[PDB]
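Notes for the one structure printed next.
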Amino acid sequence: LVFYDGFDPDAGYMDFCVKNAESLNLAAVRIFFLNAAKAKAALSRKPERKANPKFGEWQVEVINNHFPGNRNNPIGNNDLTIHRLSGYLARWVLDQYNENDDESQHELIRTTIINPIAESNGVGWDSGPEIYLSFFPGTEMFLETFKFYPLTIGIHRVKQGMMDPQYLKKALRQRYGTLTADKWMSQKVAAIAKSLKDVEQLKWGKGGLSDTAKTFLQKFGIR
Amino acid sequence: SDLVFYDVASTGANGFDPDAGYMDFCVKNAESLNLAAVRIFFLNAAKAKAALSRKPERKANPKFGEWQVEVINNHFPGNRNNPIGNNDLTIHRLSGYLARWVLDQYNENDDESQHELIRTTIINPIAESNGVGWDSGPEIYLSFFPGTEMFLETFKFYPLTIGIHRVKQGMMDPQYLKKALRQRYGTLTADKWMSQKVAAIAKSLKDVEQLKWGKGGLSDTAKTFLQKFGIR
Amino acid sequence: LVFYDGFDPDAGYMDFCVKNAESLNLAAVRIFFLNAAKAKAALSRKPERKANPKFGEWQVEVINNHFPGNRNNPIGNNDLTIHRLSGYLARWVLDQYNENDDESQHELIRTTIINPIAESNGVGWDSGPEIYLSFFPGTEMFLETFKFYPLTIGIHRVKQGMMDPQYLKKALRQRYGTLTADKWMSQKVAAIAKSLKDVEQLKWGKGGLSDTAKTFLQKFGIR
Amino acid sequence: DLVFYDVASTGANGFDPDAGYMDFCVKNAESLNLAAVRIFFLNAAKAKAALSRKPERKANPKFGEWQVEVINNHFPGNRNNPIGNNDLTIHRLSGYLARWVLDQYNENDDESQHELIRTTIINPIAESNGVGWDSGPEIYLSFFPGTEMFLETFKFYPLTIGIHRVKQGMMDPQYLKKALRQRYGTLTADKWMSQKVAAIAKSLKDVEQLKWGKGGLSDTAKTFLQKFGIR
RNA sequence: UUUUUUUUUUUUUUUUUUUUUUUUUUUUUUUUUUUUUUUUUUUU
């Protein structure tokens, strides 16, 4: 009853890869990305402080504070949330891709791994492995790795009134490799603007069902 | 809530024709059907869904009244990708096939005695739970069963438009409409019937919109009673 | 896998009184009726199937299906919900009152036991023990005991657009002692109409939120 | 946990916040300063939660280097413990101190001392709706709880903030009731609700014209984002 | 359908208690894809 008055994800990734490089494969991760949603829900229902969900055949200790009451429980730099997984695991896939040149293996990834959030906006692997994987949440942790895309997708989304600005706040504090938010907002402006044009010219069309159906339903007042 | 998650494949197409599966079904079963059997089913459908999501077996054989049948189970979490041939049965597909079977019965004759029996016997909890009864029409009453989006023509678009009205009122999550929107109107693609049969649909909607949408109906004696005290 | 095709509160009361006559007193009950609300809330947050809430110093096993998902879990004729307590417990108070003639004890009840729903409509013990206690939910289970008041309050409420009719449905199926809904709707019409006049002439303004305030808030688009 | 207790029935007592405020300033003016208070306002909710564990009737918490005798009935069992119009709860402190800060600001027109105050003292709730000192002192501090004790002094803002909050469905209307029974200096609610209606609607318009974000965003971020056509 | 269940109504008090609570490479709240497939709301 008496009163007075630093998380690095690059580090967290090395930690995470170490403990799990062993147990990972495409089919496991694929299944994670599909149910990233489903678990956010369930964990909000569970009152517990931790949980060990299983994706396919890869169980993992994640911290739960999706439950209403836990939302403010502090978290160590090696701890996992679904968000942090989504980020780390996205980065993993990219690393799997750049590992090699194999068109056969590259095609396996584009076949196995699938990103609903991206596909829901008509964006596919053909657009770019970076830009594709940037739609997964948690990629704001690795702006240099993902070429500002996780940011600029957000920017572009906010510009079209499809996202509440307050969801950018996560990304705007994050580093660019070894630069503070305050520094790179100043230095990397053109680079960011390049990375936005790149985002702008994607097809933001397909994904929202067929076009016929899009419109049909609009006729009877819906979205 | 036991936080086990699984794959969800693509395996595109499958070309499932419900009219095809329906005939195969009537052939194999017409023999063993009757209002008592079916009546029961429609009341224990959701019951049977829940119970199959415990039983880990791939196939099951439930029994309604005195009618047993081979259904495919993948209500159970792990089984949700088990592939299904266009003659096989899920609860869903039965609910659709049987809903149509009942319609055929009604339309078979104009016997006021047999229609009597049908209204009286068979019952759609979902319809009644929106304050809707047989008197609104047969086609519209049975369209409230799930599975009837397999036969959009046969039920005069009502399965689609019920869904649309449901969304328009924020009574339903739009994900659940998507089922219908990929279905056919007898011999058309969605792409086609969405383009052409728009007027026909808006009619079907108007009909659905003019139903006594109550949620939890009342008894008829209660209204005439309350109407004594100036309530209506 | 194989399929085919009624709760009597008079009985449920005897069961309930038996198991709890022992542990009850005014100060306990009083506290229940105050937090009847607060528990409806909390139980909706708890995912569990049962709960043992404590009112003052009287703990009790009640069935929870205030949680969204449990709402359809079937319930035995001896089981308690808050609603069924509220009813039973209301009946208990009346029985306490008619037990005796003691003006001293009668005054202890009017002092100890308090009904917000009644007082919020300006209705107090002076109106009648029956009519007062009829504002408590769950009294529809005992229409004969509470002289059609639980019903007619509802009727009168609906007449003044202060209640959605659909809340009367509970009461309209309930018995009058040993008569079906279908029978007494026919036979007891005058009696009901007497019990409604009785209701009509109470004071519906006082006790609640002051009329000045009612309006004030309306001016800034509020009720 | 579901452990329900009884409820107070006694009425009116007399708690005159202007009275209790002077007694308080008298007893404590001595020991107060921006550092102490600054701290309080940041650990107020912290202290609430901690007192609802400590079963004692009274407590003596300390902020910065300022200790004080508060009355605890955050603890479940204690919620009916009766309180004299000179005693302190966290709530009443929040109100008293919010007023103390205002007196400080108004004491002079020293741009140097106002500087210090804006810089030091900080209302998490105001900042967490995207509101800062620049919106005005009276309006900024009204976001503290307890300031409904002094509706005049804070230009109705404590009431109208609450109203706007409900109008937006950001708040449960039960929590407005506190204010609606309070005074406007020398009037009953009954009176000031009747008469000072225009004055209130003004105070509302002011509150409604605040930059109601929710969660701040650094000033550099806005000017940055304004390069890409975002505000 | 229901002698079921659930969702509105929960008193006065210049009283008391209960939601809001900034900086942060923290945390939480949006976006979650194709098939006349399958699963997941609707159930008198």
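Every residue, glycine as well, gets a Cβ built from its backbone with ideal geometry; the counts of neighbours run over all protein chains shown. The values are calculated or read from the model by the stated rules, or taken from the named source; nothing here is a laboratory result.
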Quiz item: Is it true that B:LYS197 is exposed (fewer than 15 other Cβ atoms within 10 Å of the Cβ) and not acidic (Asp, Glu)?
Solution: no
For region B:1-22, the count of residues that are loosely packed, with under 12 Cβ neighbours inside 10 Å and among the hydrophobic types (A, V, I, L, M, F, W, C) equals 2
For B:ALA36, the lone unmet condition from (1) under 16 Å from the mean Cα position of the chain (by Cα); (2) under 30 Å from B:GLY214 (Cβ atoms); (3) within 15 Å of RNA strand E (Cβ to nearest atom) is (1)
Selection from region A:180-223 of residues assigned to a helix (DSSP H, G or I), within 16 Å of RNA strand E (Cβ to nearest atom) and not polar (S, T, N, Q) yields A:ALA181, A:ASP182, A:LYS183, A:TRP184, A:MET185, A:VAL199, A:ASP211, A:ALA213, A:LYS214, A:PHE216, A:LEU217
Scanning region C:150-165 residue by residue, those under 19 Å from B:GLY217 (Cα atoms) and assigned to a helix (DSSP H, G or I) turn out to be C:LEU151, C:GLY154, C:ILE155, C:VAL158, C:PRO165
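Kindly establish whether A:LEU151 is within 18 Å of D:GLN226 (Cβ to Cβ) and within 9 Å of RNA strand E (Cβ to nearest atom). Walk me through how you get there before you give the answer.
Numbers: within 18 Å of D:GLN226 (Cβ to Cβ): yes; within 9 Å of RNA strand E (Cβ to nearest atom): no.
It is false that A:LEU151 is within 18 Å of D:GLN226 (Cβ to Cβ) and within 9 Å of RNA strand E (Cβ to nearest atom).
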Selection from region B:166-178 of residues more than 16 Å from the chain's Cα centre (by Cα) and either buried (at least 17 other Cβ atoms within 10 Å of the Cβ) or part of a helix (DSSP H, G or I) (or both) yields B:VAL167, B:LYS168, B:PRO174, B:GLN175
### Message
Considering only region A:147-164, I want to know if a residue exists there that is buried (at least 19 other Cβ atoms within 10 Å of the Cβ), within 14 Å of chain B (Cβ to nearest Cβ) and β-branched (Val, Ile, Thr).
### Response
no
Task: Residue match in region A:154-171 (condition: within 20 Å of A:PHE33 (Cβ to Cβ), among the basic types (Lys, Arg) and more than 10 Å from RNA strand E (Cβ to nearest atom)) - done: no
Given the conditions (1) near RNA strand E (Cβ under 7 Å from one of its atoms); (2) loosely packed, with under 12 Cβ neighbours inside 10 Å; (3) of a type in the set (A, V, I, L, M, F, W, C), every one holds for D:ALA45 apart from (2)
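Scan region D:10-22 and tell me whether some residue there is within 12 Å of chain A (Cβ to nearest Cβ), small (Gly, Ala, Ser) and not in a loop (DSSP other than H, G, I, E, B).
no
Can you tell me which residues in region C:48-81 are aliphatic (A, V, I, L, M) and assigned to a strand (DSSP E or B)? Full working, then the answer.
So in region C:48-81, the residues aliphatic (A, V, I, L, M) come out as C:51, C:60, C:62-63, C:75, C:80.
Selection gives C:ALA51, C:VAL62, C:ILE63.
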Note on A:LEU202: of the conditions (1) among the hydrophobic types (A, V, I, L, M, F, W, C); (2) more than 11 Å from chain D (Cβ to nearest Cβ); (3) touching a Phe, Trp or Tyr at 6+ places or on another chain (Cβ under 9 Å), unmet is (3)
Quick check on D:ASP190: is it surrounded by fewer than 12 Cβ atoms within 10 Å (Cβ to Cβ) and within 12 Å of another protein chain (Cβ to nearest Cβ)?
no
Picked from region C:116-146 (must be in a loop (DSSP other than H, G, I, E, B), of a type in the set (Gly, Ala, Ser) and more than 8 Å from RNA strand E (Cβ to nearest atom)), the residue surrounded by the fewest Cβ atoms within 10 Å (Cβ to Cβ) is C:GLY128
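Across region C:23-42, what is the total count of residues that are within 14 Å of chain D (Cβ to nearest Cβ) and surrounded by fewer than 18 Cβ atoms within 10 Å (Cβ to Cβ)? Explain how you work it out, then say what you get.
Going through region C:23-42, the residues within 14 Å of chain D (Cβ to nearest Cβ) turn out to be C:25-42.
Then keep just the ones that are surrounded by fewer than 18 Cβ atoms within 10 Å (Cβ to Cβ); that gives C:25-27, C:37-38, C:40-42.
Within region C:23-42, residues that are within 14 Å of chain D (Cβ to nearest Cβ) and surrounded by fewer than 18 Cβ atoms within 10 Å (Cβ to Cβ) number 8.
Considering only residues of region D:48-75 that are of a type outside the set (A, V, I, L, M, F, W, C) and more than 11 Å from every other protein chain (Cβ to nearest Cβ), which is surrounded by the most Cβ atoms within 10 Å (Cβ to Cβ)?
Here is the first cut: in region D:48-75, the ones of a type outside the set (A, V, I, L, M, F, W, C) are D:48, D:52-58, D:60-62, D:64-65, D:67, D:69, D:72-74.
Imposing the further condition that a residue be more than 11 Å from every other protein chain (Cβ to nearest Cβ) reduces the set to D:48, D:52, D:55, D:57-58, D:69, D:73-74.
On the way: D:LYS48: 15, D:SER52: 15, D:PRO55: 11, D:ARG57: 12, D:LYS58: 13, D:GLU69: 11, D:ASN73: 17, D:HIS74: 20.
Selected residue: D:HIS74.
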Next item on the list: Tell me, yes or no, whether region A:91-114 has at least one residue that is among the basic types (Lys, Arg), within 21 Å of A:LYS194 (Cα to Cα) and either touching a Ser or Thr at 6+ places or on another chain (Cβ under 7 Å) or assigned to a loop (DSSP other than H, G, I, E, B) (or both).
Entry: no
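Looking at D:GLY229, is it within 12 Å of another protein chain (Cβ to nearest Cβ), surrounded by 12 or more Cβ atoms within 10 Å (Cβ to Cβ) and out of contact with any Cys (no Cβ under 6 Å at 6 or more places or on another chain)? Let's see the steps before the verdict.
Numbers: within 12 Å of another protein chain (Cβ to nearest Cβ): yes; surrounded by 12 or more Cβ atoms within 10 Å (Cβ to Cβ): no; out of contact with any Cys (no Cβ under 6 Å at 6 or more places or on another chain): yes.
So D:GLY229 fails the test.
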If we ask which residues in region D:76-115 are more than 16 Å from RNA strand E (Cβ to nearest atom), among the polar types (S, T, N, Q) and surrounded by fewer than 16 Cβ atoms within 10 Å (Cβ to Cβ), their number turns out to be 4
The lone condition D:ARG181 fails out of (1) crowded, with 18+ Cβ neighbours inside 10 Å; (2) within 11 Å of chain C (Cβ to nearest Cβ) is (1)
Looking at region A:11-21, is at least one residue within 13 Å of RNA strand E (Cβ to nearest atom) and among the β-branched types (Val, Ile, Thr)? no
Pairs returned, first residue in region B:78-93 that is assigned by CATH to the domain that holds B:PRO146, second residue that is near RNA strand E (Cβ under 7 Å from one of its atoms), beta-carbon separation under 8 angstrom, 6 or more apart or interchain, are none
